[PDB]
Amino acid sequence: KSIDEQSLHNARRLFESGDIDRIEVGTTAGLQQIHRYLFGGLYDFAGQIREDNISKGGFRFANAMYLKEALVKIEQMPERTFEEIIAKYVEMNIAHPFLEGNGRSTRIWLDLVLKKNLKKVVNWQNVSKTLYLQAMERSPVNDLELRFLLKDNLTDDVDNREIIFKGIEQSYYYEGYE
């Protein structure tokens, strides 16, 4: 819980400082920069591609033995349309490259890709925890729930402090932290 508190402060600092603007967009290295920023000094494995296997619910995330190879192909996916970007996010979630903190880091990664390509980001504060988690769990089979949920909650006000900071708080709530 104290880990989350410091991590939340790191997420706030990432945007306050403008360091968010220095992150490589839509790449594996980019995701690793985010993870390192959020969790450096908190998880030993911050920024590091996992070597163990993990699952959640009935889903086993990409096998560690071919995770690196998968990430190579995932980062090459196109980013021109909303549908392409969500598909790319869905595959990066399936990769789930870190032992922990995949959700918070990859959502920031998603916003960067959406901002670069569509000049929008997700207004996370209005995205229900229940609906978001259900949609993610379904996304490997069908991303319809996710597309429906996120498309309704896009905003072109991408630097607004309230959207940014209330979104960081909801993002952290998705994995347990109030």
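Note that residue numbering follows the sequence shown and begins at 1.
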With B-factors read from the PDB entry, the higher C-alpha mean of 133-141 and 34-42 is in 34-42
Looking only at CA atoms, which has the higher mean B factor in the entry: 1-9 or 169-177? 1-9
Assigned third (lowest, middle, highest) for the C-alpha B factor of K115: middle
Looking at the temperature factor on the CA atom of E79, which third of the chain's modelled residues does it land in? highest
Could you say whether, by C-alpha temperature factor, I49 belongs to the lowest, middle or highest third of its chain? highest
Considering only modelled residues of the same chain, in which third does the CA B-factor of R147 rank: lowest, middle or highest? middle
In terms of the CA temperature factor given in the entry, to which third of its chain does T28 belong: lowest, middle or highest? middle
